[PDB]
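> Just need the structure, nothing else, for what follows:
(7 chains, ligands or ions: 8)
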Amino acid sequence: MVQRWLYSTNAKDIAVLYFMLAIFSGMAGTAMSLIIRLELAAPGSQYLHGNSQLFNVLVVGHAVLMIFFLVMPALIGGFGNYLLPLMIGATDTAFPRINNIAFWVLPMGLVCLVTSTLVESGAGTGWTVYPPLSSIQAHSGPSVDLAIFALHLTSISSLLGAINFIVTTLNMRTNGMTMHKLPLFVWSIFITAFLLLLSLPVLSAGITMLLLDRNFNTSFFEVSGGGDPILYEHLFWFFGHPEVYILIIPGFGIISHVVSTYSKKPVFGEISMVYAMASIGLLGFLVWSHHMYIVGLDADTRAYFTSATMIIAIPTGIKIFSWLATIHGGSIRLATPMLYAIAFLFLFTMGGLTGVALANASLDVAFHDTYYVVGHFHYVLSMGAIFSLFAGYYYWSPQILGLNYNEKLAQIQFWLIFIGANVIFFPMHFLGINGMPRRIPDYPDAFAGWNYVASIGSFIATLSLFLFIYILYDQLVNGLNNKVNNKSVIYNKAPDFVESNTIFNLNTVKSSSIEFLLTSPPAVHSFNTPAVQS
Amino acid sequence: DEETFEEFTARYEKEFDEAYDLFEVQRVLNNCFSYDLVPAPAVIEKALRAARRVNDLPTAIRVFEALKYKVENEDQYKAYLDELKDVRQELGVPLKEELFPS
Amino acid sequence: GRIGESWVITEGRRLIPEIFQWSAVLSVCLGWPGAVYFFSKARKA
Amino acid sequence: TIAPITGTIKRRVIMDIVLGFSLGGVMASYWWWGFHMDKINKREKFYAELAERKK
Amino acid sequence: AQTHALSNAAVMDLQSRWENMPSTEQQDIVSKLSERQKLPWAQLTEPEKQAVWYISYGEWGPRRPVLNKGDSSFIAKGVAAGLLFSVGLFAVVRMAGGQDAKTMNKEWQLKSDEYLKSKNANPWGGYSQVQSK
Amino acid sequence: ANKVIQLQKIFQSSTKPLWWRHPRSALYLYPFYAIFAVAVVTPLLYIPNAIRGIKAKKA
Amino acid sequence: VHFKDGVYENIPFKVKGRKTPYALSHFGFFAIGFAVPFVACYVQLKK
Ligand code: HEA
Ligand code: HEA
Ligand SMILES: CCCCCCCCCCCCCCCC(=O)OC[C@H](COP(=O)(O)OCCN)OC(=O)CCCCCCCCCCCCCCC
Ligand SMILES: CCCCCCCCCCCCCCCC(=O)OC[C@H](COP(=O)(O)OCCN)OC(=O)CCCCCCCCCCCCCCC
Ligand SMILES: CCCCCCCCCCCCCCCC(=O)OC[C@H](COP(=O)(O)OCCN)OC(=O)CCCCCCCCCCCCCCC
Ligand SMILES: [Ca+2]
Ligand SMILES: [Cu+2]
Ligand SMILES: [Mg+2]
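Numbers count the residues shown, from 1 in each chain, chains lettered A, B, ... in the order given. Ligands and ions are numbered 1, 2, ... in the order given. Below you will find the coordinate block:
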């Protein structure tokens, strides 16, 4: 068993390893989020005895952990490496040793991030690593270097997996599959791979310039030397907004599939969904300077960037309305992936509308570095990535594990994370619009009420997570029992309203995707003969 | 291209006449009723004939039960099941509501 | 044609419950912090 | 006989669309004409009293 | 085709006892009913018709719904137990916390209101920070 | 030297892992394994002094 | 290459044939995942 997991070269074992590291680091990011929200419950130093440096360190640990080590490994790595060779009928993805080195370069990024947290002071620079705060004059010690190396190792992983995904879905399709006949999750991870490939160079450039300023006495960003800190903001946000579209677009893939398979009707205008995802992917790279409306850009530059940022509301609206058109007129079977899809729809529309109010450069005067932007981004990130992750897990885990999960516990877990995430991220808009600044361990004591109700919501969210990792244990030890009693949902699609039960039993899986006719846990090398398609 | 109503009627008459076993009768009936129109009573008459020809009772009850869940009023269901009174009397299928009286 | 009651009647009888139920559901989903401020001490009660 | 009954979902979709736009317009008409107009009336009343005490 | 009729001992009340009938008796009843199908359907008795309808479209097996009759109450009671347990844990780890700020008093916040009223801050909104006891 | 046909025969007719199939494989593989073990043991070993504060003495 | 496949051969860990309980390893994994930031907070506050 040393070979199959350490020396691994098939995509599914790499995928479950990606998912395991993703959920380990997501547990750690949730713990850091709990500690942040615990310290931010009441004014005055409650738990961290003073020590705003430790609070900032936990802020970058929580942020970089939940982005680069939970959502990106889970969504990209685990779901891509399981379904992207499967949903196109490929045997095993091209360059599987690149597919193995990307996974195995991730958890040492986790190791050096943890040791950045442990060494002399910790990186307390925010998740954006802005100079001269992250330079050597404000942050001495080797900590921000190790956080930079964590970002470099996960940048290597994201780029190499992106190359692997592009040539897998281009070169290794099955024989009947034209590019137009592809699924939406495969198209989604294709477009995400292209945005990774075209974004991570600028991140690597800006981060290595930061490292060169820190340790080799050069001045890309040091004012004493002629350097300009706004260059790092330009480089980091040319990575950064393509990055957040990278995080959201696999959710746009998963939600199309769970919505079409739990409404029992196909996606409304699927080629328009391909065009809308590609339009969002092209339009990301042109809007990157909405994150810096404050630095003193020209009025024509901001008047451009608010229009460019607003233009992306149109294709995301086309996607969010075609999902409503898929759910309209169908026969809804409200299992937990359908619950996570509906909640994704509503709460991502709310986060996107707060983002549209954030797109205006005259209003981002009033909202920059307030808790309004953390309302916006925790809405789109939390719902549109965690609900997408939970929908993907409860959707594909009976198939890729052979073990059905408890359904009543799944719906109480959904409901608890629904109301808990709402209770934590709704008063952030109130704190922001009343002028509470960002990244503070303490506040004026007029913010204590909404900080209290959000800190009450955090315990609900952590209880739903503890319940979810109980659902994992209950799935792993009693999955076959869950199939044989009535504690789960065996059939994702019920019979239609004419169909007999034996006529159903001869044809028990009716999907437009390959993965559900594969055997529970699938063959170690399936597709001996290639999967034919008309 | 969109089909007019009589073109739909001709197509599903031909389909129900060509259906040859129980999987085909239930398939033709499933995508017969999954449009935005209650089918014409000639189509339902051909559906009951085709369910009789494959010797299966309960799909011929499901014709009327799907017609009940498909039609928009409670009066058009009456207009349908009194215009199919002689066909349902000849085959001898019940409605589901007079089969399970509650 | 037009067998039965009109589409106005038979869809208003479905919609008029759903308007009130939607208003209740959204007023809970959006106006829940009003209860916390209502029971709170900053209303001086 | 039975007249052809077709297209219930189209009438249902346009009825749901205009009911949703009118419901959201009722929400936003309350938002503007109550809340924003109330705040603007309070501010204009304060600046009227301020100019009066400046006289 | 087949014999006279399915007996009432073997076909009556088939809804209550389909899911407890063993698979062999299920298969034998299904076989005899499929042989009874080819007769002209006036000659079927009423428990036979109910058995055939429940076998093909009854709420068993594949037509079993997602939540079976007690699960909605169980998920409501579960989410209520989660809310009460989580605010109990919040009360516990809040009780193991640091001291309050010295400015979290009714009398301190009244003097803050007094200072703000002397500066006439927040003139058409609220300026009073009281919020505490 | 055109060892391609002979190495095709050796490489395809072998129940060994692919990095071991050449006759000169141990000649690379043993010192690489020792040097790799040293090079991944030592910087992990210097982490307690990093998190303790003890910089390296300049001697 | 030909590995074993089936219900529990898809995963790295060992659930069924096991000396210790599975709940030990399954909750110790998530427990050290949840307690990594407490180790970080303890080290930084001791400093
Ligand atoms: C991935 C994106 C992501 C997600 C999901 C979250 C989720 C949460 N975050 Fe955070 N956060 C950020 C990304 C995210 N955050 C970023 C980028 C910053 C910026 C830092 C800066 O500005 O400097 C930030 C900062 C930030 C702040 C602002 C603090 C400040 O700057 O002053 C707060 C405030 O409470 C917070 C807390 C929380 C809490 C309580 C959750 C809760 O939602 C936790 C509940 C979530 C779960 C329980 C997830 C489920 C767990 C899993 C492991 C998924 C399992 C599913 C599968 C494996 C399929 N984090
Ligand atoms: C999940 C990833 C994600 C997604 C998808 C988005 C989506 C959007 N974001 Fe956001 N954003 C972040 C992650 C994301 N963001 C992060 C992490 C930050 C903080 C970074 C930091 O500070 O470090 C941030 C901050 C951020 C800023 C910077 C503000 C500041 O720092 O001062 C801005 C400014 O324009 C912005 C706007 C938008 C807009 C317009 C969209 C749009 O794409 C949303 C599109 C969706 C809709 C528009 C709704 C659906 C459409 C309809 C229902 C149709 C009807 C709608 C209309 C007619 C408008 N967000
Ligand atoms: C601005 C308005 C749009 C906003 C966005 C839409 C809302 C999002 C949710 C959509 C859910 C339903 C989608 C699936 C339906 C479907 O797919 O229907 C498919 C049918 C097919 O018709 P056919 O067989 O004749 O043609 C077959 C060949 N095409 O086409 C329709 O029904 C037509 C519906 C027309 C809608 C007109 C809207 C009029 C109101 C505009 C706003 C007025 C505001 C007034 C305020 C006082
Ligand atoms: C705090 C802010 C958020 C507040 C949220 C609302 C407050 C309530 C919290 C939840 C209480 C638990 C109730 C459990 C219900 C139950 O038990 O469901 C059981 C029901 C009925 O079952 P049955 O008819 O088959 O028969 C059972 C009896 N034999 O099935 C369902 O699941 C369907 C109902 C859920 C619909 C999907 C909702 C998905 C999320 C939507 C997100 C918002 C979109 C809408 C926005 C306007
Ligand atoms: C931790 C305590 C271990 C105690 C062992 C005692 C040994 C005595 C003998 C007992 C029997 C043998 C035990 C060894 C076997 C073992 O347990 O697997 C050992 C491994 C690590 O082992 P290690 O290298 O840390 O062990 C040191 C000694 N060799 O655990 C784990 O991966 C735990 C993993 C947690 C489960 C994760 C659940 C989530 C999975 C999601 C998958 C689905 C993905 C779907 C989406 C793609
Ligand atoms: Ca605090
Ligand atoms: Cu952005
Ligand atoms: Mg800023």
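> separation between the residue nearest the centre of chain B and residue B:78?
Ranked by distance to the mean C-alpha position of chain B (C-alpha atoms, centre = their mean), the top residue is residue B:44 at 3.4 Å. The gap separating residue B:44 from residue B:78 is 14 Å, by C-beta to C-beta, to the nearest Å. Where C-beta positions appear, they are placed from N, C-alpha and C, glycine not excepted.
> One more: residue A:353?
In terms of C-beta to C-beta, residue A:353 sits 47 Å off from residue B:78.
> ok, and the closest non-adjacent residue to the residue of chain F positioned farthest from its centre?
In terms of distance from the mean C-alpha position of chain F, residue F:53 ranks first, at 32.1 Å (C-alpha atoms, centre = their mean). Distance criterion C-beta to C-beta, 6 or more residues apart in numbering or on different chains; nearest residue to residue F:53, sequence neighbours excluded, is residue A:120 at 6.6 Å.
> That neighbour - that's part of a strand, no?
No: using DSSP: H, G, I helix; E, B strand; the rest coil, the assignment for residue A:120 is coil, not a strand.
> Could you pull up phi and psi at it?
phi -30, psi -50 (degrees, to the nearest 10).
> my guess is it meets residue A:141, correct?
Yes: counting by C-beta atoms under 8 Å, residue A:120 touches residue A:141, with 3.7 Å between them.
> Centre-most residue in chain A?
Chain A, centroid-nearest residue using C-alpha atoms, centre = their mean: residue A:71 at 3.5 Å.
> contacting residues around it?
By C-beta atoms under 8 Å, 6 or more residues apart in numbering or on different chains, the contact list for residue A:71 reads A:22, A:26, A:247, A:381, A:385, A:386, A:389.
> at 10 Å instead, please
Applying C-beta atoms under 10 Å, 6 or more residues apart in numbering or on different chains to residue A:71 gives the contacts A:22, A:25-26, A:29, A:65, A:246-248, A:250-251, A:381-382, A:384-386, A:388-389.
> ok, how many other residues are close to the residue lying closest to residue A:257 once chain neighbours are set aside?
Nearest residue to residue A:257, sequence neighbours excluded (C-beta to C-beta, 6+ apart): residue A:185, at 5.6 Å. Residues near residue A:185, counting by other C-beta atoms under 10 Å in any protein chain shown, number 23.
> element containing residue A:185, please.
helix A:184-215 (DSSP states H and E).
> after that helix, next one along is what?
Next along from helix A:184-215, by DSSP H and E: helix A:230-262.
> And residue A:437, its phi and psi?
phi -70, psi 170.
> Now do the contacts for it.
Contacts of residue A:437 (C-beta under 10 Å, 6+ apart): A:368, A:369, A:370, A:371, A:431, A:443, A:444, A:447.
> 8 Å instead, please
A:369, A:370.
> Is it bridged to anything, and to what?
Beta-bridge pairing of residue A:437 under DSSP bridges involves residue A:370.
> Look up how far residue A:147 lies from the residue farthest from the centre of chain F.
19 Å.
> what about the residue nearest to the centre of chain A, distance to residue A:292?
24 Å.
> count of neighbours near the residue in chain B positioned nearest to ligand 1?
Nearest residue of chain B to ligand 1: residue B:34, at 33.7 Å (C-beta to the nearest ligand atom). Other residues near residue B:34 come to 16 when the count uses other C-beta under 10 Å.
> before we move on, back to that, which of the contacts of residue A:71 fall within helices?
Taking DSSP state H as the definition of helices, the contacts of residue A:71 contribute A:22, A:25, A:26, A:29, A:65, A:246, A:247, A:248, A:250, A:251, A:388, A:389.
> residue contacts, the second one?
Applying C-beta under 8 Å, 6+ apart, we find residue A:25 in contact with A:65, A:69, A:70, A:73, A:110, G:33.
> what about 7 Å?
A:65, A:69, A:70, A:110 (C-beta atoms under 7 Å, 6 or more residues apart in numbering or on different chains).
> And the strands in chain A?
Taking DSSP state E, chain A contains no strands at all.
> Could you check whichever helix in chain C runs longest against chain B for contacts?
In chain C, taking DSSP H as the definition, the longest helix is helix C:7-31. Yes: applying C-beta under 7 Å from any C-beta of the partner chain, one finds helix C:7-31 touching chain B at residue C:10.
> And that helix, how far out from the chain middle?
5 Å (C-alpha atoms, centre = their mean, to the nearest Å).
> Need the residues that contact that helix.
B:72, B:73, D:11, D:15, D:19.
> Quick check: of those residues, which lies closest to chain E?
residue B:72 (22.9 Å; C-beta to the nearest C-beta).
> Please look at the closest one and residue D:8 and confirm they touch.
Yes: judged on C-beta atoms under 7 Å, residue B:72 makes contact with residue D:8 at a distance of 5.4 Å.
> so how far is the first residue of stretch E:12-23 from its last?
Separation of the first and last residues of stretch E:12-23 by C-alpha to C-alpha, to the nearest Å is 17 Å.
> swap in stretch A:1-17?
First-to-last residue span, stretch A:1-17, C-alpha to C-alpha: 14 Å.
> List of residues touching that stretch?
Residues contacting stretch A:1-17 (C-beta under 7 Å, 6+ apart): A:77-78, A:81-82, A:85, A:92-93, A:96-97, A:99-100, A:103, A:524, G:3, G:10-12.
> that older thread, spatially, what comes nearest to the residue of chain B closest to ligand 1 if we skip its sequence neighbours?
In space, residue B:34 is closest to residue A:496, 7.7 Å off (C-beta to C-beta, 6+ apart).
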